[PDB]
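What follows is one structure encoded as structure tokens, with my remarks underneath.
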Amino acid sequence: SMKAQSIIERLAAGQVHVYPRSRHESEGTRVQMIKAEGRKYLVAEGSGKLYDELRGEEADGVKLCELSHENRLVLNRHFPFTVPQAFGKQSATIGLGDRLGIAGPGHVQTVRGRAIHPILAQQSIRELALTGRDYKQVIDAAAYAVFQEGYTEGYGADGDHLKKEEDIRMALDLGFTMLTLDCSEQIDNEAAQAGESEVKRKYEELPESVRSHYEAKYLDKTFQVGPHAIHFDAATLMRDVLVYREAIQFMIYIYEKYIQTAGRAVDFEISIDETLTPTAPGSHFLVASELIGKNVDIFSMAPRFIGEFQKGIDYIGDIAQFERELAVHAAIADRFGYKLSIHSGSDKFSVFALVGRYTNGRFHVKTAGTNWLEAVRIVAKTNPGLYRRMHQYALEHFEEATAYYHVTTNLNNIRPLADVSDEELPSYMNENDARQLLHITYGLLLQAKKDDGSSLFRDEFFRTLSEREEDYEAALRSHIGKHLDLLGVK
Ligand SMILES: [Zn+2]
């Protein structure tokens, strides 16, 4: 309370940072956001239901409030623009995942004035587990970000890479507006790699009603998808049914059980991008045709594209072949009305203009870890001693993290820390292999502890990022801005 009294008095004296776009008003209560002693606060003043419902410390007629979950729910009630919204499938969206909870404002600053809608709250179940966070905090950070920046155009919240029904129920209960269904576990990858008589053999074990449905609809048929002809012979049809049928059934089951019944608009993304086999455009057509035939309302489809989309780096593969397949993938999406979704999209600069051109600007692209790597870059620039300790720890524990993310990192390409000066440490975050090293070890680094249980890096990491808040947000504006520019946004 003496802490709160000090802040309130210094605010009156003009000695406390006020976020200039954060001033809002509900009935007779004025609210703004400030930063004091490395922490953000809400400041409320003026009698009213908003003042009464916020929880904080009162001095003068002024209430100083922490950025708590409960106060976020109060802001949600009085300021609808702080509540996530669905967007539908006829616009551009970017997923702006934040593993740290501090990138929201920089993300908002980047999309302000651009023709794209931000999915500002986006984290996977694995990311929550590796960071020790929950979905309430992810939406909290996004809601406070749009309030801080006075961004009233609307933001979305994505329950990313959901697999279990309990997690889908949780996402819907917590107000998420985008639901990403990971169907990788239902894909029959051995059927995709098996020989072609064995495909015919496994196919013949299916019920005749199933084989009749697919053959009557696809066998020896040609579909005109714009300038692209998609033809199914028996061999391709049988393999497609074996690889995808169980996943299709799972898509329909989830849609009917949870999406159709949600009682509000939900953007439903189907994800098959973490498959071992690439999604052939013809297989994509069959999956979409079956879903659309069953009245499933799809926001986006995330196929596995030819080549590789690894974390932290640009595309691996033959970009001419990527373009040829993208042309058909994009035509299929246009035919059925949903958008293509690009996962592991950050730093894929070689594909962005193609994606923008072939989708006519109507896409979803997801990022997350690249925003963590920009925070690491700030540490390399401003706290080299901390960077060295984090980089060395990542080297020592890298194998644990490769169990969760598939990368082909060559540690032999990374200069030893003893060979690089403090001034040169930021150059690591421009290199493929060092970027992957730090990208995938975020959970191990954030949760690392000393023998007494205190944090090994996490507290000092957030301390430097708070001290360098303006540098971090300039870095996000520049880095995510480059993504949007190459995608052709606006
Ligand atoms: Zn994915």
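All residue names refer to the structure tokens as shown: chains lettered A, B, ... in order, residues numbered from 1 in each chain, ligands numbered from 1 in order.
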Next on the checklist: Residues within 10 Å of residue 423 of chain A, please, as number ranges by chain. Count only C-alpha atoms; anything in the same chain fewer than 6 positions from it doesn't count.
Outcome noted: A: 380-382, 384
Could you take the residues named above and write them with C-alpha atoms, as an mmCIF file, in the first residue's frame?
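out-v9.cif was written with the following content:
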```
data_model
loop_
_atom_site.group_PDB
_atom_site.id
_atom_site.type_symbol
_atom_site.label_atom_id
_atom_site.label_comp_id
_atom_site.auth_asym_id
_atom_site.auth_seq_id
_atom_site.Cartn_x
_atom_site.Cartn_y
_atom_site.Cartn_z
ATOM 1 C CA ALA A 380 22.429 -11.145 -26.993
ATOM 2 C CA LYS A 381 22.602 -7.389 -27.710
ATOM 3 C CA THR A 382 22.060 -6.003 -24.198
ATOM 4 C CA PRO A 384 25.733 -10.802 -23.315
#
```
Next on the checklist: Residues within 7 Å of residue 330 of chain A, please, as a VMD selection string. Count only C-alpha atoms; anything in the same chain fewer than 4 positions from it doesn't count.
Outcome noted: chain A and resid 326 334 340 358 to 359
Item to check | Residue nearest ligand 1 - candidates A:302, A:34, A:65, A:259, atoms counted: only C-alpha atoms and all ligand atoms | outcome: A:302
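Comparing the minimum interatomic distances between ligand 1 and each of A:345, A:488, A:356, A:263, counting only C-alpha atoms and all ligand atoms, we find that A:345 sits nearest.
Summary of the local environment: counting only C-alpha atoms, residues at most 6 Å from segment 114-125 of chain A, other than itself and those fewer than 6 positions away along its chain, are residues 92, 93, 94, 95, 96, 97, 138, 139, 142, 155, 156, 157, 158, 160, 161 and 490 of chain A.
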Next on the checklist: Which residues are near segment 18-33 of chain A? Cut-off 12 Å, only C-alpha atoms, ignore same chain within fewer than 4 positions. Put them as a ChimeraX atom specification.
Outcome noted: /A:7-8,10-12,14,39-54,61-67,71,74-82,105,108-109,143-152
Checklist entry - Which chains and residue numbers are within 10 Å of ligand 1, counting only C-alpha atoms and all ligand atoms, if I want them as a ChimeraX atom specification? => result /A:124,160-161,180-182,184,270-275,302-304,309,341-345,366-367
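Counting only C-alpha atoms, the residue from A:153, A:233, A:98, A:424 that sits nearest to residue 111 of chain A is A:153.
Between atom CA of residue 416 of chain A and atom CA of residue 478 of chain A there is a distance of 28.5 Å.
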Checklist entry - Which is closest to residue 176 of chain A among A:266, A:36, A:141, A:162, if we use only C-alpha atoms? => result A:266
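You will find atom CA of residue 376 of chain A at 14.2 Å from atom CA of residue 101 of chain A.
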Item to check | Neighbour list for segment 397-414 of chain A as an MDAnalysis selection string, cut-off 9 Å, only C-alpha atoms, skip fewer than 5 positions in-chain | outcome: chainID A and resid 126 310:311 392 428 431:434 436:438 440:444
Selected residues written out, N, CA and C atoms, as a CSV table (one decimal), in the first residue's frame:
```
chain,number,residue,atom,x,y,z
A,126,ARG,N,1.6,-28.2,-26.2
A,126,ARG,CA,3.0,-28.5,-25.9
A,126,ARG,C,3.7,-27.2,-25.4
A,310,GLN,N,10.9,-26.2,-41.4
A,310,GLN,CA,11.5,-26.4,-40.1
A,310,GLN,C,11.4,-25.1,-39.3
A,311,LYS,N,11.4,-25.2,-38.0
A,311,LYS,CA,11.5,-24.0,-37.1
A,311,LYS,C,12.7,-23.2,-37.4
A,392,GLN,N,25.0,-21.7,-23.9
A,392,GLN,CA,25.8,-22.9,-23.5
A,392,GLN,C,24.8,-24.0,-22.9
A,428,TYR,N,24.6,-14.7,-34.0
A,428,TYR,CA,24.1,-16.1,-33.9
A,428,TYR,C,22.6,-16.1,-34.3
A,431,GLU,N,21.8,-16.9,-37.9
A,431,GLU,CA,22.3,-18.1,-38.5
A,431,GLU,C,21.3,-19.3,-38.4
A,432,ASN,N,21.3,-20.1,-39.4
A,432,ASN,CA,20.3,-21.2,-39.4
A,432,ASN,C,20.4,-22.1,-38.1
A,433,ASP,N,21.7,-22.5,-37.8
A,433,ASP,CA,21.8,-23.6,-36.8
A,433,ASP,C,21.6,-23.0,-35.4
A,434,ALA,N,22.3,-21.9,-35.1
A,434,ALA,CA,22.1,-21.3,-33.8
A,434,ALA,C,20.7,-20.9,-33.6
A,436,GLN,N,18.0,-22.4,-34.7
A,436,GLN,CA,17.3,-23.6,-34.3
A,436,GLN,C,17.6,-24.1,-32.9
A,437,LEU,N,18.9,-23.9,-32.5
A,437,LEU,CA,19.3,-24.3,-31.2
A,437,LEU,C,18.5,-23.6,-30.1
A,438,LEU,N,18.4,-22.3,-30.3
A,438,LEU,CA,17.7,-21.5,-29.3
A,438,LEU,C,16.2,-21.6,-29.5
A,440,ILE,N,14.2,-24.1,-30.2
A,440,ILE,CA,13.5,-25.3,-29.8
A,440,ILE,C,13.8,-25.6,-28.3
A,441,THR,N,14.8,-24.9,-27.7
A,441,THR,CA,15.1,-25.1,-26.3
A,441,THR,C,14.4,-24.1,-25.4
A,442,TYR,N,13.4,-23.3,-25.9
A,442,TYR,CA,12.7,-22.3,-25.1
A,442,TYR,C,12.2,-22.9,-23.7
A,443,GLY,N,11.6,-24.1,-23.8
A,443,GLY,CA,11.0,-24.6,-22.6
A,443,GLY,C,12.0,-25.0,-21.6
A,444,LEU,N,13.1,-25.7,-22.0
A,444,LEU,CA,14.2,-26.1,-21.2
A,444,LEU,C,14.9,-24.9,-20.5
```
Next on the checklist: Which of segment 15-188 of chain A end up as alpha helix (DSSP H) when DSSP is run on this backbone - answer as an MDAnalysis selection string?
Outcome noted: chainID A and resid 49:53 69:78 104:111 125:131 135:149 165:173
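You will find atom CA of residue 394 of chain A at 12.2 Å from atom CA of residue 447 of chain A.
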Next on the checklist: Considering only C-alpha atoms, can you say which of A:247, A:395, A:480, A:316 comes closest to residue 371 of chain A?
Outcome noted: A:480
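Secondary structure by DSSP on the backbone puts the following residues of segment 191-237 of chain A in strand (DSSP E or B): residues 221, 222, 223, 224, 225, 228, 229, 230, 231 and 232 of chain A.
Between residue 165 of chain A and the candidates A:99, A:257, A:221, A:435, the tightest atom-to-atom separation, counting only C-alpha atoms, involves A:257.
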